[PDB]
Structures are given as C-alpha cells and as structure tokens.
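Encoded as structure tokens, the structure appears first; notes follow it.
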Amino acid sequence: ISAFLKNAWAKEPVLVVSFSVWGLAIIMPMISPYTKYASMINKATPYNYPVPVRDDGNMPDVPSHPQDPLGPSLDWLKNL
Amino acid sequence: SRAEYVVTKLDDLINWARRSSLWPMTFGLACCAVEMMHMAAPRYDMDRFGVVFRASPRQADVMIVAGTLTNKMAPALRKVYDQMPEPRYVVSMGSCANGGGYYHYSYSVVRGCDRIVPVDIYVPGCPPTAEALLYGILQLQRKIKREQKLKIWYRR
Amino acid sequence: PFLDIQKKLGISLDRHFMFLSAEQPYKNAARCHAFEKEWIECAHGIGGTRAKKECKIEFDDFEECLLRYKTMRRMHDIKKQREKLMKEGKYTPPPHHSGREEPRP
Amino acid sequence: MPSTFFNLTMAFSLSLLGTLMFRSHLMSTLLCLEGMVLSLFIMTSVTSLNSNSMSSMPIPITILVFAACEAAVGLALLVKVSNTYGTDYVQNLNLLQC
Amino acid sequence: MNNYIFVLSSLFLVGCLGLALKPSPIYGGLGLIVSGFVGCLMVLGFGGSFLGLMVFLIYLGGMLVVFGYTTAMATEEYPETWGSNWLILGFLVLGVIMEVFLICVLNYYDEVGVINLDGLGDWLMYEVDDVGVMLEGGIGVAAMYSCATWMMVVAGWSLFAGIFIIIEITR
Amino acid sequence: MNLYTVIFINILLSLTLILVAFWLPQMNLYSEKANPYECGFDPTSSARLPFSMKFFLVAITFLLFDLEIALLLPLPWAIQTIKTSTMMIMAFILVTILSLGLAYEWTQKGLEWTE
Amino acid sequence: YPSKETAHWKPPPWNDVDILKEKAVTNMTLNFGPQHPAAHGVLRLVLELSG
Amino acid sequence: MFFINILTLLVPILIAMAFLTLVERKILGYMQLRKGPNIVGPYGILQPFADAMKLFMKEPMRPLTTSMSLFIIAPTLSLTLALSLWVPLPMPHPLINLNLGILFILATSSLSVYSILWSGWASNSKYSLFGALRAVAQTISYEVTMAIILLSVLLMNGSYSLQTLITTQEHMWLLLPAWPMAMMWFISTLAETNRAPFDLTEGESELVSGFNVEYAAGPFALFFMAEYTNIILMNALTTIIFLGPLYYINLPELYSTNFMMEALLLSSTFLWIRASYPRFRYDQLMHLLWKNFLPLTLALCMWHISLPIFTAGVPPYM
Amino acid sequence: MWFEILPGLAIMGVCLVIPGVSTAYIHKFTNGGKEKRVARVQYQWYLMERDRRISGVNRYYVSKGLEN
Ligand SMILES: CCCCCCCCCCCCCCCCCC(=O)OC[C@H](COP(=O)(O)OCCN)OC(=O)CCCCCCCCCCCCCCCCC
Ligand SMILES: CCCCCCCCCC[C@@H](O)[C@H]1CC[C@H]([C@H]2CC[C@H]([C@H](O)CCCCCCCCCCCC[C@H]3C[C@H](C)OC3=O)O2)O1
Ligand code: SF4
C-alpha cells in the first residue's frame, strides 16, 4: 500500500492532509496529558455566586473564611 | 461680480472632468484596431490621460470607429452609438472609416462612418500611427475644452 | 408516552427540558420557576382529571406569572385613572414620576 | 409582548392563507412555507427570550434545520416538475385525475 | 420609542401579507428578506442577539438558491408584480387598511389583554436580571452540545439523510 | 440608536448621490437608446425566458451545508461547558457526518455539473 | 358510473407512464455580437445556449 | 458629538477608496511597463475626482425593458452595505461595539450579493442575467467555506466580537497558528468582491461587462463606490484577524498607524494578483472551493475543535 | 518610476488612519478623558447604570472616589 499512499500524496495531496488531520484530531485528545484539565478550568470559573451553606456543627470539610486551607484550591492553575 | 463669470468656471469644470476621463469602447473593427492596441501598449499609454477602455457602450464616452464599416455591420454600429449616454463623441480612425478608403468603390462598404454616425474628429492614415491616433484623442480633448454649453445656457 | 422506551431504558433523551423549571443550562432560574415548581408538585400521582380542579388555585398563579394578564389590566386601570384626573386638573404628578428625583445608588 | 404576538400569529395566518389559495406558480407556494416557519421561529425565539428559557433555546434552531430541509426537498421536486413539463405551472399536475 | 416593536411587527405582517399575495418569486424573496430582516430586529428587541442573526444568515443563503431556481423554472415573458394586477393591488391596500381596522376595533371592544394600545412598551421585557453573566442569549443554543444532545443527533441526521434524499430525487 | 443613525446616514448618502445622478445631467431619450443592449443587435428573445442552470444539485446541498454551520457557530460558547467530552464527541460527529455526505455527493457525481 | 362530467376521462396507462407531448427545447439564443471584446473584431455567434 | 464621528469614518473612507482607483491604475500599469494617470494632477492624484465628476454629469437612463424599482434600489444597497460594514471595525476602538461582530459581517457581506442578483435581473438583459446567475455560483462556492474558516480562526479567540481579537493577538500573530486558514481566508475573501482571478459577475470577456451592461454613468459609479470600499474592508479585517498589529492601550494611535501599513500592503496584493493570473471559469471556482478547500477546511475545523481541548487552551468568554 | 505610486498611497494612507485615530480621540473627548466603557454582559450595564445614578450629574464618565 506504500505506492497508493504516496501516489495519492503525489497527485491529490489535499485529500491526504484532510484524512491525516482528521485522524490526528480524533487521536490527540486521548494521548494528551492536559485533556483532563479542559474540564477543570471550566469548573473554576465562578459565573454564579457561591451560595453559602448553614452550619449545624457537622460541616467540617467546607471552609469558614474564604482564605482558609481546608477547601478547594486553584493552586494547580497558577502552575499549569 | 457678474454672474456670467461664475458660469464659465463651472463650464470649464464640467468640461475638464469630461476631458481627463474619456473612456473609449473596445470596438475595433479591423486592421486599424491593431494600432488602436499599440496606443494602449506601453509606449503610448492611454492611462496617462485617464483614458480607459470599457466594453459596454453604456459606460463609454467616445467611440473610436476604427476599421472598415460594411453594410452588414452598419446597423450594429448605429445601435451601439445610440446606447452611449450623452454627451458622446465619435473619433473616426483611418481611411476606411473616414471615407471609403481603399474600398470606396466596393458594393458592401459604407463610404465612411460619417454616413451613419456624426463624427467629431477624423484621424487620417492607413493605419494611422499610434501617435496619429493619440494626436486625434488629444485634439478631441481640446474640443471638449471649448464647449461653452453652460455659457450659452445663461444666454438662453 | 405511547411507548415508555425512555423510561424502560431509564435514559432521558428529551424529557429534561419539558418545562421552564427544567435545569436551565447555567443555574439561571427561568421566569416563574417557583410558581410552576409549585404546580408540578401539586399534580403528582393525582393525575389529570383530579389535578384540573384541586390544583386550580396554583395553576392560576402560574398562568398569572407567565402571561401576566392581571397585572396589565390592573396597571392599565391605574394609567387610565391617572389621565382622567389630569384632564380635570385635579392631580399633579410627584417630582420622581416626572424625571427629577434623588436617585439611589 | 402581547401586542407583537397577535401580529406574528396573523402573519402565520396570512402565510397560511397564502399556501392554501394557490396561484399560477409552485415556487410561490414554497416561499409561503418559508414565511410560516419565519413566523414560527420568531414566536419561539421571543417566548424563550421572554420567559428566559435558555433550555428551550435549542428548539427554534431545530425548526429551521427541518423547515429548510422541506425547502430543499421541495426545490428538488420542482426540478422534476419542470423537467417533465418545462413550465413549473401547478395546473400541469392534473394527470392523476383518473 | 415605546411604539418600536409594534411598528416592526406591523411591517413584518405587511411584508408577509405581500408574500401571501404571491407575486413572482423574485419579489417574493425580496419581500421575504424584508420580513426576515424585520424578524431579526424584533428578536433583537427582546434581548436576543444570537438567534436574530441566525434567521437573517440562513434565510439569506436560502434566497440565493430560490433566486437561482426561480430564474430557471418559474419565469414568464412578463413577471407579475404587486401592481401588475389591480385586484392584487386592491387586496394589498385592503389588507393594509384591514389591519388598521382590526387593530383599532379590537382596542375599543377589549380595553386590554390580547392588544394594549393605551399601554405600549411597558410590557416587553419582563424583569431582566440586572446583575449577572452567562445570561446572554445564545448560551442556550450551545446547550445543544450538553444536556440537550438529542436535538443535536436528530437535527444532524436530517441534514445527513437529506443529502441522500436530494440526490435520489434529482437522479 | 447609534447604529440606527449610521445606516440611515448611509441610506441618505446613497439616496442623495443617486438622486443627484438622475436630475443633474442633461438627458435626451428615445426608443433606440433605451432598448436592450445585447451586443449591437436587437435581442431575438427576452431575457425572462427560462434559463436552465446545471449546478442545481450543488445549489440544494448548499442549503443543507448552510444549516450545517448554524449547528457549528455555537461552538465557542459550547466549549465553556463543564463537560468538554460530550461536546467534543458531538462536535466530531457533526463535522464527520457532513464530510460523509460530501464524500457520497462526490462519488455520485453530485458536485459535477449535468452535461 | 359515467356522466357528462366524466365523459372525457381515460383509463390510466398500464405501466403508469403517460405519453406526454414531448416539450420542444426552448434553448436561449445569445447574440455574441461584434462589439463584444472577445470576438477578436467583428463576429456574430448566434449560439444556442442551455444555461 | 456622534454625528461628527461618522464624518471621520465616512469621508476618509470615500477619499481612500477613490485614491485606491488611482493606485490600482498605477500599480497595474507599472507591472505592465505603463505609467498610470500622471497628467490630471501632479501624479494623477486628481484622476479619481475627474472620473467621479463625469459619471454624475453623464446621463443615467431608464431602459424600457428594465424594472425601475430594483434597478434603482440595487446600487443603493451595494453602497449602503459596503459603507455600513466598516462600522463594527476596530481600529482599535470600533465606532460601535457588537457582541456578535463578525456575524454582522457575514450577514451583511452575504447581503451584498443581492445587489448583483437584483441588478442583473432587474436590468432585463441576457448578459446582465448571466452576471446574476454567476454570483449565485460565486456565492454558493465560497459562503460555506468562508463561514467555517472564521469559526475555526475565532475558536481560539473565544467570543465573536472583533475587539477581542486584538486582545487575542497581544503577543503573537494569529497567522502563525492558522496559516492554512489564512490562505483559505485570503481566497474566500477574494471570491467576495469578485476580484480577479474570481472576476466573473463583472466579467469583461465572456460577458461584455456583467450585471453592469445596462447601468449608465450615474448608478454605475455606485457599484464602484462599493466594489472598492469592500476591497479595503476585507483587507482591514484580514489584518485585524490574522496580522494582529500592536495595541498598546496608552497609544491607540500606534494601532492605526501599523494597521494602515498592513491594510494597504494587503490591498496592494489584490491589485497585484489581478495583474498576474488569468481568470477562472465559474465551474472551476465551484469545484476549487468544494473539492479542495471544503475537505481541508472541515478537517481543520475538527483540528481546532480539539486544539483547546487537548491543550487546555479554551479561550475565555468575556 | 515606481516611486510615483507613493503619492497615491501617502495621502491614501492618511485617509485610512483618520477613521482609527479619530474614533479613539472622539471617545476620550466625549467620555471625560476615559475610554468608552463597553457593556458586553448585563453585569457591566448594571455597573454603568450604577455610575450614572451615583453621580449627581447623570453621566457615567464622571467617577466619584473615596470622597463619597
Ligand atoms: C501539527 C498537526 C496539525 C497540522 C495541520 C496542518 C496540516 C498541513 C496543512 C498544509 C496545507 C495548508 C493549507 C493548504 C490550502 C491550499 C489547498 C490547495 O491545495 O489549493 C487548492 C488548489 C489546488 O490546485 P488544483 O489544480 O485544484 O489541484 C487539483 C487538480 N485536480 O490550489 C489553488 O487554490 C490555486 C488557486 C488559487 C490561487 C489564488 C492566488 C493566490 C496568490 C498568492 C497569495 C497568497 C497570499 C497569502 C498570504 C495572505 C495574508 C493575509
Ligand atoms: C468611484 C469613483 C469613480 C470610479 C471610476 C471607475 C473607473 C474605471 C476603472 C478601470 C481601471 O481601474 C482599469 C484597471 C485595468 C482596467 C482596464 C484598462 C485597460 C484594460 C482593458 O481590459 C482593455 C485592454 C486591451 C486594450 C486594447 C483595446 C483595443 C482592442 C479592440 C478589440 C479588437 C482588437 C483585435 C484586432 C486584432 C486582430 O486582435 C484583436 O483581438 O484593463 O481598467
Ligand atoms: S484604413 Fe488602412 S489600416 Fe485602417 S482598416 Fe482600412 S486598410 Fe486597414
């Protein structure tokens, strides 16, 4: 098939680049290491106010003050 | 001041715009049109005088009747001449178009385009040199330079 | 529906945006979200020929919230009376209804 | 909102009244279907924007995807109508009389 | 200013009425673009920007094919305009006078409700959310790719299948 | 109101120029001048006669491809979605689906013109 | 049940392929006249076109 | 204060396009060993004024076979759209801000074709019809491609507004990542405006003039008023979309100075191409853009759909 | 020679700088020496409307500092 692949490359290159990049865009997301970071960045953007939640003495893992170390953090975004 | 003086300057203004934008028509019949191309060729550029060739008679000011005008073509030339919006000019080019030229005595040649369209300037020759036609175009430009159309309007 | 295939397989192909209070794209409550949330809760299990009369008090509220027929008729009445008083020269509008007030932040 | 929808609904009605009372052309009838969908698209668009129903916003797009496909099929039919009668007229589609 | 959407809707109705009278398809397209162009505006007046430019970007492309097709199949030696037939013109002025008679007569019988002549412009927006982002119209359309994907496949298939449908008819 | 002014300023400008075009110059009208041009000779038939095209198949599929972009222009706002995976699959399928339709139109001589 | 209304009806053809009066091709004619710049001078191609 | 701003955007554009007519005749002439207009003024600078004056003092006609309404409304739309289409253009601050700026371009740029269709059909002439029935093939060929390219280009910009493209290219030209598109954008844009080698609607050889063979001097200029301000525009957009000049917020004047340098350079390139290649046949234009550009453009659309996904480079909105 | 093209471009280039430079300066003249604020979301319009009503003079290009 080597001749056919390069014969088309020699005569109709446009239909080989289209097929090549078509397969490249399909496969690249699976191999990239940053593919999972596309979702997290779109979870960071706070378009709506973060509604607070009452305390009943049984809500330990959520922070009290905004700038406290016991909540979700974006320190991985600053260093991406 | 006199109102006549302002009129002439407007007359010279409208004439000037009609002198430097004289668009002929790509209407070379035969054997002078080869020297009508040379006029458009590098040596004697017509774009210098704002003279640009356009195919449609609706967008052509002057008509260069270059080449023998025959009976079969005579109805077509008058039609094309009619389509040109006024003001329009005609520049008969060469012996075949001025009079009958070399074919004055033939059975199918109208002896000069002056029988079919009113000619403004006659450029003699066979073919006229590219300069000879250019002298004709310039001598046509000096014709528009003295129209006196708005000046007479004040007198009417 | 005619075939409960979506329920049978459990997949909500096109039954999560039936109505206004149906989980808008971002968390933007559709206009009259509370009113129709109230109506849909009222008419559950109680079905069709029993929700057309027992939940009529709530549907009318939803009908009012969405169409707003009553507010227009009400505010149209206020405007008509306001003009009639003006023609008789018995009412002078306040400064903040004419374009001159102390605007709030 | 109330005043404009009476105008949109009657816009559909006049277009509906146009796609029923035929005339001497078949392109014109297909154009009338365009106006009917044009009225339907805007009503869904205004209602979605009026009620702030951003989950219902995809619906008006889909009407255009299918209504315009009716035109695509309608125009293809009209090619076959003309290639067999050469006039596009509607009174030439009377060959099923019997 | 208050009577801004009403004038657009009325022009939409007049434009559609002109399309209902069914002149030659050349002018039908011109009338349709006038109505479609007005259709974009009133949609914009309701706070929606993305949908408005879509009705005006899809129907525009459609009329080129309709213009192409009409000059190929539906033509006459003398195409019919809105004034070629006095009857059509008669029903055009009558239609224009008809709406004014309907618009006016509905007002007196019913003070408010379906039509509000006395109160106009007040009833157009219904409590925008003053403070807020992601509210711009068109984000909803983008839901077609998320939690509305069924509309995406069905609509996509119609375009997919349609290509096959057209080829077979034109074979 | 800023954008209304601009187009109506343009409309007035275009109308004034064309209005000045028709009333400023001196005119001399007669039948021979206003007749159709048709390269010197009188037309044999009107230009309103049915003028068959031959790219009608590409004309129809242009509509389907025009509706097709209407399903692609929302992509910039669809990328903002939290998922990023349902979007991508439903984006490749749409573009891939268009290509297969184009590929089938290719082989069936759809894009070629009727001879 | 024939009557005056349906006196002129005919049965459909057996294959449902009517013998329609074969339309005459009304091909457009264009005076590719002399003044055209592409004529290389004076030449009238009265040429039948189909698009 | 707004009305004054229109003058600074309306008068200079008219003057600039008029002086493009001279620059075309001069650049074309020099590539052909000719001196363009150098007799009307010091170097022909008055040539565009001369042409403008005569056409508006040369009788316009009302042909018997035509349709007055469309024959007269078509040129108005051409100039109205070609001039109103400069409005959302950031240089660097646009006269009006549009949240959907480029879609305004697509609808209005695609609306300019109806000028050719109505102009050709209204002027009941066979050659005028041929020009009209070539714009349909001209537009069916490029519109599907031009829209997809712009989608791919902007998909690394995030929004649709033009003025966000300046922020996008703060550090690097958008040509460099998308030079494939910039070539397809440079041809699809050449298809619009009917500029050679895709000069078919106003064909001067196959057709006498093309959709203009019945427009006398007066309305005829209205088409050239628009046919060249649309040349400067799509060059203006291309230098904003691909050859992003320096913004430097504190120095707005530097953006325009650098902007004009590229816009003229690109504008000199449309005229340069006209001077070099022959013209396509309008079937080959259809095949060129539907057998070569459409495949690759669609394939590149997938490439740029995944590019922000497998690079974490999703652009922001607002 | 070829440099005769520059007059065609020199005063043409000026004509393509006016529409860009003029708008930037006209904005600063009308908007009190600040750039024209751009409202692309409802959040920004609420802010301009806020500044329009914050200031005694009903204009959003006058900014009140900490002087209240
Ligand atoms: C890392 C993984 C990701 C990588 C992804 C990228 C993959 C590599 C992509 C490389 C290809 C880039 C894009 C290629 C676009 C060109 C497509 C093409 O091939 O041209 C089409 C056509 C082909 O010629 P043709 O004769 O039709 O061949 C088949 C004949 N049966 O040829 C033509 O169109 C010629 C006709 C048009 C001529 C127009 C004149 C142009 C003059 C030159 C001006 C160029 C200016 C460019 C700069 C503009 C700046 C704004
Ligand atoms: C808005 C402000 C106002 C706007 C004003 C608009 C202005 C218009 C602008 C036009 C301008 O911008 C330029 C650019 C280039 C373009 C033109 C000029 C010249 C060139 C033409 O295409 C023709 C060149 C051929 C010259 C030869 C003519 C004789 C041939 C006669 C035929 C018979 C011959 C025989 C016999 C022999 C046997 O062989 C034959 O075949 O391109 O117009
Ligand atoms: S005058 Fe002489 S050169 Fe001119 S056409 Fe006649 S023979 Fe030829």
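Key figures for this structure:
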read-out: Dipole magnitude of the protein assembly as shown, debye to nearest 20 (Cβ charges: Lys/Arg +1, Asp/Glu -1, about Cα centre); value: 2480
read-out: For the range E:133-138, 3J(HN,Hα) per residue [Karplus equation, 6.51 cos²θ - 1.76 cosθ + 1.60, θ = phi - 60°, Hz, x = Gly/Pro]; value: 10, 6, 7, 4, x, x
read-out: Built amide H within the under 5 Å cut-off of residue B:89, gap 5+; value: B:62, B:63
read-out: Partners for residue C:90 among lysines (Cα-Cα distance below 20 Å; same-chain residues under 8 apart left out); value: C:79, C:80
read-out: Scaled radius of gyration (Cα, divided by 2.2 N^0.38 Å) that chain F gives; value: 1.91
read-out: Neighbourhood net charge (14 Å Cβ-Cβ; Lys/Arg +1, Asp/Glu -1) for residue C:47; value: +1
read-out: Two-site FRET efficiency, residue E:161 against residue B:41, from Cβ-Cβ distance with R₀ of 51 Å, rounded to 0.05; value: 0.30
read-out: Relative contact order of the range H:214-318, pairs being alpha-carbon contacts under 8 Å that are 6 or more residues apart, as %; value: 18
read-out: Relative contact order, percent, chain H [alpha-carbon distance under 8 Å, six or more residues apart]; value: 24
read-out: Within chain H, helix-based [θ] at 222 nm, where runs of 4 or more DSSP H residues each add -39,500 (n - 2.57), nearest 500; value: -20500 deg cm²/dmol
read-out: Distance between the range E:141-171 and the range D:48-95 - C-alpha centres, whole angstrom; value: 14
read-out: √(5λ) per eigenvalue of the Cα gyration tensor, chain B, largest first, Å; value: 30, 18, 13
read-out: Packing-based order for F:69-77, H:244-252, A:39-47, using average beta carbon neighbours within 10 Å, highest first; value: F:69-77, H:244-252, A:39-47
read-out: Listed pairs D:80/G:23; B:79/F:33; F:54/F:109; C:7/F:83 exceeding 19 Å between Cα atoms; value: C:7/F:83
read-out: Pairs of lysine residues in the range H:2-318 - Cα separation under 30 Å, sequence separation of 8 or more or cross-chain; value: 7
read-out: Partners for residue I:28 among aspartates and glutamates (Cα-Cα distance below 19 Å; same-chain residues under 8 apart left out); value: H:253, I:51
read-out: Phi to ³J(HN,Hα) by Karplus 6.51 cos²θ - 1.76 cosθ + 1.60 over the range F:28-34, Hz, x for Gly, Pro; value: 9, 9, 7, 4, 4, 7, 7
read-out: Signed unit charges on C-beta, dipole axis of chain E, positive-most listed residue E:85, E:169, E:119; value: E:169
read-out: Within straight-line cross-link reach of residue I:34, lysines at Cα separation under 29 Å, skipping those fewer than 8 residues along the same chain; value: I:64
read-out: Per-residue average of Cβ from other chains inside 10 Å of I:33-41; value: 4
read-out: Average beta-carbon neighbours from other chains, 10 Å sphere, peptide H:246-256; value: 3
read-out: Exercise: per-residue mean of other protein chain Cβ atoms within 10 Å, C:75-87; value: 2
read-out: Rounded if a/c under 1.5, otherwise prolate or oblate - chain E, Cα gyration tensor axes; value: oblate
read-out: Cα-based shape type of the protein assembly as shown, given that a ≥ b ≥ c are square roots of the gyration tensor eigenvalues and the cut on a/c is 1.5; value: prolate
read-out: Computed [θ] at 222 nm, deg cm²/dmol, chain C (DSSP H ≥ 4; -39,500 (n - 2.57); rounded to nearest 500); value: -14000 deg cm²/dmol
read-out: Whole-Å semi-axes of the ellipsoid equivalent to the range B:106-156 (Cα gyration tensor, √5λ, descending); value: 30, 18, 4
read-out: Sorted by Cβ neighbour density within 10 Å, fewest at the top, the residues B:91, I:57, B:110, E:141; value: I:57, B:110, B:91, E:141
read-out: Values of log10 I(q)/I(0), in the order q = 0.08, 0.10, 0.12 Å⁻¹, for chain H under a Debye, Cα-only, solvent-free model; value: -0.38, -0.60, -0.87
read-out: Simple Cβ-charge dipole of the range B:2-156, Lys/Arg +1 and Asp/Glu -1, about Cα centre, in debye nearest 20; value: 520
read-out: Residues H:142, H:228 arranged by fewest to most Cβ contacts within 10 Å; value: H:228, H:142
read-out: ³J(HN,Hα) computed for each position of the range H:226-242 - Karplus, 6.51 cos²θ - 1.76 cosθ + 1.60, integer Hz, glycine/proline x; value: 9, 5, 10, 5, 7, 5, 5, 4, 5, 6, 4, 5, 4, 6, 7, 8, 10
read-out: Residues with amide H under 5 Å from that of residue G:31, placed H, sequence gap 5 or more; value: F:44
read-out: Unit charges at the beta carbon, dipole of chain G: most positive-side option, G:12, G:39, G:26; value: G:39
read-out: Residues D:21, B:84 arranged by fewest to most Cβ contacts within 10 Å; value: D:21, B:84
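Cβ: placed from backbone, ideal geometry, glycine included. Neighbour counts: every protein chain shown. Coordinate-derived values only; no laboratory data.
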